[PDB]
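In: Pasting the sequence and an experimental structure:
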Amino acid sequence: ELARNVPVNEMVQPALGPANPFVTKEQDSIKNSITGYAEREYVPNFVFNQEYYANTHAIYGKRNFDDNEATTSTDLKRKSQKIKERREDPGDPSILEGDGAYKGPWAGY
Amino acid sequence: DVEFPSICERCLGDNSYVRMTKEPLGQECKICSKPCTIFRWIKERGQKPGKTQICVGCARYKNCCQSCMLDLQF
Amino acid sequence: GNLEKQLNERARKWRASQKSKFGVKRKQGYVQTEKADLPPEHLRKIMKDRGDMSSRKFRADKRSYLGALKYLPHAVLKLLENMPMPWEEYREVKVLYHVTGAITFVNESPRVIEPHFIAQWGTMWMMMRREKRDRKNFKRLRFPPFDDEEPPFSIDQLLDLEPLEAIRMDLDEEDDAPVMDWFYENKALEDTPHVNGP
Amino acid sequence: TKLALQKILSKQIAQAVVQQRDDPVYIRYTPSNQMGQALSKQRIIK
Amino acid sequence: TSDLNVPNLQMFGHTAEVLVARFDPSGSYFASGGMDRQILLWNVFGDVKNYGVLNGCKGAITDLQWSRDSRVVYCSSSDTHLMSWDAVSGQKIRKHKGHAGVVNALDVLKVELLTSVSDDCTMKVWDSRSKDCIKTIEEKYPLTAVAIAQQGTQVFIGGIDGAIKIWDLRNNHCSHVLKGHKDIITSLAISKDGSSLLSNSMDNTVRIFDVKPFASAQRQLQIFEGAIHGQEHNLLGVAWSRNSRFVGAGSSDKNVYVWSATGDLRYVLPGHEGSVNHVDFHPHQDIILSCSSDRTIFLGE
Amino acid sequence: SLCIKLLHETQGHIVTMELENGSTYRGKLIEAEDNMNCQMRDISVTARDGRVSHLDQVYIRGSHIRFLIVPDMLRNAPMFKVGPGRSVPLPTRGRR
Amino acid sequence: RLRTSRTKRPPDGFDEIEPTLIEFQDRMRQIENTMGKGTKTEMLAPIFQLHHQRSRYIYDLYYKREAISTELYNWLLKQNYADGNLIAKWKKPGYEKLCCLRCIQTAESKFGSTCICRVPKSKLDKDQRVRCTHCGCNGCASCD
Amino acid sequence: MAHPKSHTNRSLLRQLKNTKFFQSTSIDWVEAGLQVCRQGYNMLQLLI
Amino acid sequence: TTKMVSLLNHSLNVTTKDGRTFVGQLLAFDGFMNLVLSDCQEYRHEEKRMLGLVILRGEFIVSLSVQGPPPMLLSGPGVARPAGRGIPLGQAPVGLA
RNA sequence: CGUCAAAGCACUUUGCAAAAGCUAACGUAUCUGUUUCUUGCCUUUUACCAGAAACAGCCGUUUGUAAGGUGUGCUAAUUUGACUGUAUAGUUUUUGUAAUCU
Ligand SMILES: [Mg+2]
Ligand SMILES: [Zn+2]
Ligand SMILES: [Zn+2]
Ligand SMILES: [Zn+2]
Ligand SMILES: [Zn+2]
Ligand SMILES: [Zn+2]
């Protein structure tokens, strides 16, 4: 809560001391909680969600090393096509006990 | 502002973006036996969510991690 | 190559962001919906599986199940308020229930047309007087109707019987033509221009 | 004094109605060199 | 160094992100609006309280503009509409319809002429009473910001392409473009004299262009770094000082950037919790206005 | 008709009217009609030249009236709205 | 819902499709009585599966094969033989194969997000391709 | 006779319906009555 | 005839079949174009005479013109409080972490 | 019915706010509780008896407004509001007793 708006060039803000050497790596960091520094941030939901999904995808790709994919518009349909091909057919409703019994979203693989 | 729980990054997952819930007064500290809020998060996909086990008064007197009960220095 | 693909992708990303921020039906990026009704078999199965709560499979729900005792009298009032009237064999009620199966509030108010209600009950008056005159041997129901240690009645075999018939005057075909088709309904004129709506 | 006493009074009075207050809060979080290792990247948590 | 009671005044209100906040040309009022579909009118001097709320808009106030008369308010809505709000009485004067998507920016004229762009890849000129677009310009890609010269023949439109196009309303000859940007242009602003054009782009570079019929090529005067854009693709504004010697911009790193228009950064003052959407300067004194997506706006020096 | 209503309002007062001849009439209006036929009393006729004559009872046909000078205090008379079917401006309480 | 022998006879096309609706009710009773082998929420999935199947049968009768008149279809929706809101969702783009209405509502989730079955599988990792906890759905996405 | 006092509309069931713990459906009245009787019996038994 | 309504309470000069001109404030008109003028002055031939409240015949009227324009927000929820800017130690976009 | 204007409209879910101003049914219906008094029955408390005053609670109602849902539309449907709303060359105004000069 600095109260005086001030030009930039004097923002280096030095501590101006002999740099106490007794401190160890735990206290070199400024923190509120014991573990670290935490502060509020007004992130809209969509950006957080999309970049979080991106990070999770990267983690899975690193773990499984299966990262050989691209991204596009018709590419989206093309990737859906192979997975849909591996899926078995959804049955027809009004057929209930086997031999084409309807299973829609519950169709297995 | 009762902002955040002290949790080590070993059990906070290797993802830089996590989602976690808090329910005030939902538990008693396992040392203080004082009311305390739980924080539940997912360390990684394919794992049961973790949760804090002690209040913030503890893990301050003990310099420890509220979830995995390990000291934050050693 | 180059410019057309780069600009199409850039516009795609920009317009996706715009859809997220200012979607047609989105509040904060998610599509708004309404809390819908579950099939009645859901609650039927919940109540059958819970049973007498004598299983460890549900021992996590006992605290809430017992905490609903505070709201039980409200459920009693809402249930008694919607008792079926003599002229109707059965009444379907919009109900509100805990997912635990702990409590079950009949979420309705018995809203009626006042002249219609008075007419129906006057009809009941005449029919009951006629039957008490004509029966010549009236066997009153015994109380309590069910024996003390009897298990509670299973709904499974209550839904298979024909619901018998109720007290209904034989309305004349031409004298009572205006009120023939809806006199003994529950919500009489819901779909006609005589009532604003449901 | 009015503000302080009013705050205490409101807290006391609050102790049957169902509470309805749900809204996400985002926290930008900075790890601090716990067990040596290599610190960690900055994190934001919902 | 002004008539403000306190040098810094944090302003609370709104229930969602605030997207725009512009000073009255007289310098005594200013209005703000955002995702809560409400516009609030403020008092620059005095108690700094609300005297009016502009209710009725059925969408987010993407942008709004003050009138020279300082009595009517034009608002840009995400619901594909442009409403004219009578500031003194707070009643809906007219609702200009005709776009086919979210209308991103808005600008007014020195004469009763309105201009706007929307995601339907079009720009429309509106008379204050005709209730219909007098002129329509159709582009390939969605447009994001406009600025009209107060002389009254040139409009600058900026969109996905990354090249500012200068359109002459009467001539319909468009063969002059201010190239130089390489990403989406969030905002444009014209100088008080109408001689220079200020642009912000999502390639993180704020550039300044000259609006003159003749140029010595490389119309690019100078470029500015530091003001950066986040991943939310927000439309961050740029501002012109009253004396037109300081240029300002907002950034998604919660910092307000003020320059001297000569290439040296002057103010980098922080203070916001989220992305800083809009920024403006008072026309009389040395105040600065901040507008951020953290439900708050700040008054300046 | 609001003008005819004001003329009826005038009844009982002293109104001056001049006819297509140019002569002005100073007397008390006692009757009026929708056609603006007028009845007057104690009239002082000022001819076009300026000669002053006097009449007692007249029935001026309305088609030959140029204008009338109504007494000033009638400027506050109420102008009621007239619906389609109504032929007289009166306070209304029904639909319109 | 339930109909007596003295009730107003249903429209003409009812008797051809009565037996299959009775069979739907039969399996609903069987699912109600069958107990065990699941968590507190897992045992309640076949209910939603069968409800979706029955409503989809009626929707198929009307909108794709035109085997029933509109009067009978409106009657069926009125007598709760089919879910009106679920059919309304099926009739609009993006929700052609919606499993149930609990996997679309965002107020029933922890983080205000729709269910996992709604995400297209091309954008989903191989590990997190599981059965939905609400109803056992295995992918509602219209693409899949 | 007291002239009714002004107050904003509040109702327990709407507040309960807002939560995720309560769902809604349409059942026969007798089934609902049997359910209420059974639930009250179970609550009293658990309290005993 | 909606334009005829717009001249009420205005000041009008009416040139007449006789050749005179009346100037005054319009109070009410008629389907036969009977005009009611308040505080009316007579322009003979120009000599000024105060006339007062005047009802014109429809036939008498030739043309008319106007000489003068017709005679003649609740609250908000925001609240201001002084505050200072708090410098954060981070330099990163809100989206990026 | 007609003209003009703006609002998609009908049904419906939820949130927020308000509901006597000029003596008058928010509810043509009707319960409970607390405090302070006066009573009844009374061995002491709860539970009680029945009248008053001052307060509260619960079951409901109406309106405004905000965001949604369903069914139908925007290649029109409906609603709300406003309106100095109608014919007519044959004497009482608008299909000319005018021009001529003075
Ligand atoms: Mg004792
Ligand atoms: Zn830990
Ligand atoms: Zn503790
Ligand atoms: Zn589902
Ligand atoms: Zn699901
Ligand atoms: Zn699903």
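Out: Alright, I've got the coordinates. Numbering: from 1, shown residues only, chains lettered A, B, ... in the order given. Ligands and ions are numbered 1, 2, ... in the order given.
In: dump the residue contacts of the residue of the stretch 151-300 of chain E found nearest chain A.
Out: Using Cβ to the nearest Cβ, residue E:274 is the residue of the stretch 151-300 of chain E that sits closest to chain A, at 3.3 Å. Where C-beta positions appear, they are placed from N, C-alpha and C, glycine not excepted. Residues counted as contacts of residue E:274 (Cβ atoms under 8 Å, 6 or more residues apart in numbering or on different chains) are A:41-43, E:17, E:254, E:292-294, I:94.
In: One more pass at 10 Å, please.
Out: The contact partners of residue E:274, taken as Cβ atoms under 10 Å, 6 or more residues apart in numbering or on different chains, are A:40-44, D:26, E:17, E:230, E:232, E:234, E:252, E:254, E:292-296, I:94.
In: Can you tell me which of those residues are buried?
Out: Buried members of the contacts of residue E:274, scored by 16 or more other Cβ atoms under 10 Å in any protein chain shown, are A:41-44, D:26, E:17, E:230, E:232, E:234, E:252, E:254, E:292-296, I:94.
In: Checking the residue nearest to residue F:54 when sequence neighbours are not counted next. Helix, strand or coil?
Out: If the residues on either side of it in the chain are set aside, residue F:54 comes closest to residue F:44, at 5.6 Å by Cβ to Cβ, 6 or more residues apart in numbering or on different chains. Per DSSP: H, G, I helix; E, B strand; the rest coil, the secondary structure class of residue F:44 is strand.
In: Show me what residue F:44 is bridged to.
Out: Note on residue F:44: beta-bridge partners residue F:26, residue F:54, judged by DSSP bridges.
In: Tell me how many other residues surround it.
Out: Per other Cβ atoms under 10 Å in any protein chain shown, the neighbour tally for residue F:44 reads 13.
In: ok, now which ones touch it?
Out: F:16, F:24-27, F:52-55.
In: ok so, going back, and the contacts of residue E:274, which of them are in strands?
Out: Mapping the contacts of residue E:274 onto strands (DSSP state E) picks out A:40, E:292, E:296.
In: Do a quick rundown of the strands in chain A.
Out: Counting by DSSP E, the strands of chain A are A:36-40.
In: and it, which of its residues are near chain D?
Out: A:24-45, A:48-49, A:51-52, A:55 (Cβ under 10 Å from any Cβ of the partner chain).
In: one more time with 7 Å
Out: For chain A, the contact set with chain D under Cβ under 7 Å from any Cβ of the partner chain comprises A:25-26, A:29, A:31, A:35-43, A:45, A:48.
In: all helices of chain G, in order?
Out: Remark: helices assigned in chain G by DSSP state H are G:14-33, G:45-63, G:70-78, G:84-90.
In: Repeat that for chain A.
Out: A:45-64, A:74-86.
In: Out of these, indicate the one that is most buried.
Out: Of the helices of chain A, the one with the most neighbours on average (mean count of other Cβ atoms under 10 Å in any protein chain shown) is helix A:45-64, at a mean of 16.
In: about what we covered before: I'd like the helices of chain A written out as a markdown table, with distance to chain E added.
Out: Shown next, in a markdown table, are the helices of chain A (distance: least, Cβ to the nearest Cβ, whole Å):
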| stretch | distance to chain E |
| --- | --- |
| helix A:45-64 | 5 |
| helix A:74-86 | 20 |
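In: Relative to ligand 2, which of those is closest?
Out: Among those, the nearest to ligand 2 by Cβ to the ion is helix A:45-64 (18.8 Å).
In: if you look at that closest one, does any of it touch chain G?
Out: Yes. With Cβ under 7 Å from any Cβ as the criterion, chain G is reached by helix A:45-64 at A:57, A:60.
In: how much space between residue B:5 and chain A?
Out: 7 Å (Cβ to the nearest Cβ, to the nearest Å).
In: ok, now how distant is the residue of the stretch 151-300 of chain E closest to chain A from residue H:20?
Out: The gap separating residue E:274 from residue H:20 is 29 Å, by Cβ to Cβ, to the nearest Å.
In: And for residue E:144?
Out: 40 Å.
In: Name the nearest residue to the residue of chain F found nearest chain E, sequence neighbours excluded.
Out: In chain F, the residue that lies nearest chain E is residue F:81 (24.4 Å; Cβ to the nearest Cβ). Excluding the flanking residues, the one nearest residue F:81 by Cβ to Cβ, 6+ apart is residue F:92, at 6.8 Å.
In: Look at the residue in chain A that ligand 6 sits nearest to and say how many residues are nearby.
Out: Residue nearest to ligand 6 within chain A: residue A:105 (5.1 Å; Cβ to the ion). The number of residues packed near residue A:105 is 22, by other Cβ under 10 Å.
In: Next: residue H:15.
Out: A count of neighbours around residue H:15, defined by other Cβ under 10 Å, yields 14.
In: so it sits in a strand?
Out: No. Under three-state DSSP, residue H:15 sits outside any strand and is assigned helix.
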